[PDB]
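Chains as they are written, first to last, in this note's numbering: chain A, 1 to 36; chain B, 1 to 871.
C-beta: ideal position from N, C-alpha, C; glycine also.
Worksheet for the structure shown next.
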């Protein structure tokens, strides 16, 4: 259930999730600069 | 042959023979499904048939009405409902009468009854179901199997049916469940079925709980079942208390003290791990719920308004009694360790850690005694627990109360790193790391730093369960040291941090530990590189020459192995090569993002050159065709525009990745590259748009497949839009098609519903902002979308309705509102004020959860203002 938490440190789920979030902010940046 | 013989053979081990039957029954369901299900239901109803046949027949009916794939499940239901109202009428009377006539334990009727219900209930097509199911459980003369199987049906119904369309009869469903759960019920099998049946039904008993009389009757029957002499039931009922506390917290004050308190701690104090596991959870959930409330109470106050829900601080009260039950359970370590086995011992640490964040200070005086009492116990079990407990409470008491204890705890901690038992040393590095993570000032000290740094370097050569932890301890230490150096030095990077004199020694050890053969155990490889990235990122500028060298070593490895992958012997080899590739590909994303920009270019010009050489040899198929497009993506960053040079030679590979739709996974990462290619080459991707936009529209034109994809190709259409401007006209046509149809999408495919709505929103913005202007001449392509403003606002209006609202969607929807105003100019105002829900969606966004969900929402009403003083 919480096995993710025992000895919380910080693979296929991350790098992917972590790449889109970057590909997403870069989008916000690219759009925002073009908005204002 | 006879349906009876063909079914006894679907379970025949002879591969060839099994396929025969699976294709005979398969095609029989194509030619005439109505007839099929009537005959298959007859076979299930006849007690005289063989158990195998009967079960084989019911599994056939089950797989004609449901599946794991929601889109496919929603398809078998429509196909069923379109059948003759009488054919279905016979199927239902056999499937339903079957209950009680099955000597085999898991009934097949149940999962059929279930399958048909999820399809007929919504439309009131089976008015027999509920009163016949309730009748089978409450009738005094019902056999064990009859009550059991029927409750097994209701157990599946609530679990598989649309959560909404069942509240109407929540009255009937519940009277049959709690009847099965009644102490006077002779069978434990029935009780468990019912107790498990209630667990999946509480999600709509909201109308029933709002009534004292009943709620109280439910609570008693539940708590009474926590005393059943059948562990299976004991847990099941204890599971209910956990759920009941997360949905109906507002109620629990009446029962908490006089009952729940006694029940919860008795389980934690149990000798049975199953029961123990559920009682500890009970409290960490209370701890989670009373936290989620302290946030509500903190936000509502920042508005002055009363928080809709109030906390009753139950953990704070139970603190005294919980701590000794937790700290003592920490003592039951699992000698034969498994970082995949969930047990009370590990569960107890999380609860202590959570009890520390929830109540804060109060926790300290209750754990400290056990610590100082067991910190040097001759028996490690109490010694490890004395160190584990110490760590769990480092978060969420005042930093000005733990620092002195922590400082006064360092040397003993330092020693514990030389402990005879692996377990103690494993938990010691974690504690040290947490000490470095939460209260840095004690690690970065002119007293303990030198001996501490020495402790961790040796630790990298210890056992994987220690080595893996030490790495995090290092990285947490390095981040702090960096932060303690660049508080404010006027520039972006600091001059030198107190790990500058040891950096070179530190890095090479992590470069070695990365290749330790026992790397698969306890996630060493992954953690080892993860630490190197974090320690290279967080480093003093006078460590550069040491970061260059380290970067030359990582490139050298993405070669030793990246020509490995053009010579693969086995699928084992295939697998590990990619696991190494990935780890080097990701450790690459941070070394480039660190070295001089001038330097980061030459490294990229090399790796991309090698990736270009690897793509041609393995274009067909590819083990090396997934994480490679991800390595490409970052090389497409540390060149930006400069990537144009590569584009032509790489173009076809962007494509074979795009064409490969069977392995949607590659495809997903491929479609993302396109977006990044669009932002690196603004206005040079034009001679490539057209193949790509083609390969992408074909991808969506036919169903099949699978459908995480759709939402990311849509989002990218926007990226393309922005990048290629008035060249989008060609496709804008069919683009608003997929967009149009995808907004009308309807349904944990939630979470997917939101993800899809956000994609459309992001796309709409890309097209609008894409076809409008900066330093223009005049404007006006955008108005080609003008006829859609209506739908766009009306698709966003519906988003305002769904109580879902993932704060990401509110942002992109809010941001889109801004775009339309800037394009569409005060005709939009009349359309927005016509939908009051849009006003409410912007206000919800102006309240920050995630950041710049506020900024996009604060800016859309802003634009919707000075329209009011223009015309």
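Top-ranked residue by Cα proximity to residue i, from the options
{"i": "residue 98(B)", "options": "472(B), 266(B), 58(B) and 597(B)", "result": "58(B)"}
{"i": "residue 78(B)", "options": "89(B), 216(B), 86(B) and 64(B)", "result": "64(B)"}
{"i": "residue 709(B)", "options": "676(B), 667(B) and 735(B)", "result": "667(B)"}
{"i": "residue 810(B)", "options": "849(B), 706(B) and 441(B)", "result": "849(B)"}
{"i": "residue 255(B)", "options": "227(B), 218(B) and 207(B)", "result": "218(B)"}
{"i": "residue 804(B)", "options": "750(B), 344(B), 346(B) and 222(B)", "result": "750(B)"}
{"i": "residue 341(B)", "options": "363(B), 249(B), 273(B) and 845(B)", "result": "273(B)"}
{"i": "residue 869(B)", "options": "825(B), 348(B), 807(B) and 846(B)", "result": "825(B)"}
{"i": "residue 733(B)", "options": "871(B), 861(B) and 784(B)", "result": "784(B)"}
{"i": "residue 913(B)", "options": "380(B), 207(B), 711(B) and 197(B)", "result": "With chain B running from 1 to 871 in the structure shown, residue 913(B) is simply not present."}
{"i": "residue 728(B)", "options": "183(B), 690(B), 205(B) and 762(B)", "result": "690(B)"}
{"i": "residue 854(B)", "options": "807(B), 863(B) and 823(B)", "result": "807(B)"}
{"i": "residue 558(B)", "options": "204(B), 633(B), 717(B) and 582(B)", "result": "582(B)"}
{"i": "residue 15(A)", "options": "630(B), 843(B) and 871(B)", "result": "630(B)"}
{"i": "residue 44(B)", "options": "490(B), 562(B), 175(B) and 112(B)", "result": "112(B)"}
{"i": "residue 102(B)", "options": "445(B), 48(B) and 92(B)", "result": "48(B)"}
{"i": "residue 696(B)", "options": "679(B), 406(B), 725(B) and 660(B)", "result": "660(B)"}
Proximity test, Cβ basis, 9 Å: residue i and chain B
{"i": "residue 8(A)", "result": "yes"}
{"i": "residue 2(A)", "result": "yes"}
{"i": "residue 27(A)", "result": "yes"}
{"i": "residue 16(A)", "result": "yes"}
Min CB distance residue i to chain A below 9 Å
{"i": "residue 310(B)", "result": "no"}
{"i": "residue 819(B)", "result": "yes"}
{"i": "residue 336(B)", "result": "no"}
{"i": "residue 684(B)", "result": "no"}
{"i": "residue 357(B)", "result": "no"}
{"i": "residue 427(B)", "result": "yes"}
{"i": "residue 346(B)", "result": "yes"}
{"i": "residue 852(B)", "result": "yes"}
{"i": "residue 281(B)", "result": "yes"}
{"i": "residue 630(B)", "result": "yes"}
{"i": "residue 679(B)", "result": "yes"}
{"i": "residue 910(B)", "result": "Nothing in the structure corresponds to residue 910(B), since chain B is present only between 1 and 871."}
{"i": "residue 240(B)", "result": "no"}
{"i": "residue 822(B)", "result": "yes"}
{"i": "residue 350(B)", "result": "yes"}
{"i": "residue 754(B)", "result": "no"}
{"i": "residue 168(B)", "result": "no"}
{"i": "residue 762(B)", "result": "yes"}
{"i": "residue 769(B)", "result": "yes"}
{"i": "residue 765(B)", "result": "yes"}
{"i": "residue 202(B)", "result": "no"}
{"i": "residue 633(B)", "result": "yes"}
{"i": "residue 353(B)", "result": "yes"}
{"i": "residue 654(B)", "result": "no"}
{"i": "residue 586(B)", "result": "yes"}
{"i": "residue 270(B)", "result": "no"}
Original post:
What are the start and end residues of each continuous alpha helix (DSSP H) run of 4 or more residues lying completely inside the stretch 169-197 of chain B, in chain order?
Top reply: 170-180
Original post:
How do the stretch 368-379 of chain B and the stretch 284-300 of chain B stand: do at least 3 beta-carbon pairs fall below 8 Å, yes or no?
Top reply: no
Original post:
If we count Cβ pairs, one from each stretch, closer than 8 Å, do we get three or more for the stretch 13-20 of chain A versus the stretch 479-489 of chain B?
Top reply: no
Original post:
Counting Cβ pairs closer than 8 Å, one from the stretch 750-762 of chain B and one from the stretch 687-705 of chain B, do we hit at least three?
Top reply: no
Original post:
Would the stretch 67-85 of chain B and the stretch 3-19 of chain B be scored as touching if the rule is three or more Cβ pairs under 8 Å?
Top reply: no
Original post:
Given 8 Å as the limit, is there contact between the stretch 715-734 of chain B and the stretch 762-770 of chain B, that is, 3 or more CB pairs closer than that?
Top reply: yes
**OP:** Let me know the beta strand (DSSP E) ranges lying completely inside the stretch 21-86 of chain B, each 3 residues or longer, listed in chain order.
**Re:** none
Original post:
Does the pairing of the stretch 616-629 of chain B with the stretch 663-677 of chain B give three or more beta-carbon distances under 8 Å?
Top reply: yes
**OP:** Would you be able to state if there are at least three C-beta pairs under 8 Å between the stretch 84-92 of chain B and the stretch 132-142 of chain B?
**Re:** no
Original post:
Are the stretch 520-537 of chain B and the stretch 467-478 of chain B touching, with three or more C-beta to C-beta distances below 8 Å?
Top reply: yes
**OP:** Evaluate contact between the stretch 273-282 of chain B and the stretch 223-242 of chain B, counting only Cβ atoms and requiring at least three cross-stretch pairs below 8 Å.
**Re:** yes
Original post:
At a cut of 8 Å, does the stretch 305-316 of chain B reach the stretch 335-350 of chain B through at least three beta carbon pairs?
Top reply: no
**OP:** Evaluate contact between the stretch 350-367 of chain B and the stretch 388-403 of chain B, counting only Cβ atoms and requiring at least three cross-stretch pairs below 8 Å.
**Re:** yes
Original post:
Along the chain, which unbroken stretches of the alpha helix (DSSP H) at least 4 residues long are found entirely within the stretch 456-512 of chain B?
Top reply: 464-483
Original post:
What residue ranges within the stretch 115-146 of chain B form continuous alpha helix (DSSP H) runs of no fewer than 4 residues, ordered along the chain?
Top reply: 129-138
Original post:
Are the stretch 184-204 of chain B and the stretch 148-156 of chain B touching by the rule of at least three beta carbon pairs closer than 8 Å?
Top reply: yes
Original post:
Considering only residues of the stretch 411-447 of chain B, which uninterrupted alpha helix (DSSP H) runs meet the minimum length of 4 residues and lie entirely inside it, listed in chain order?
Top reply: 422-438
Subject >> Unbroken stretches of the alpha helix (DSSP H), 4 residues or longer, contained in the stretch 342-382 of chain B >> reply: 344-359 and 364-374
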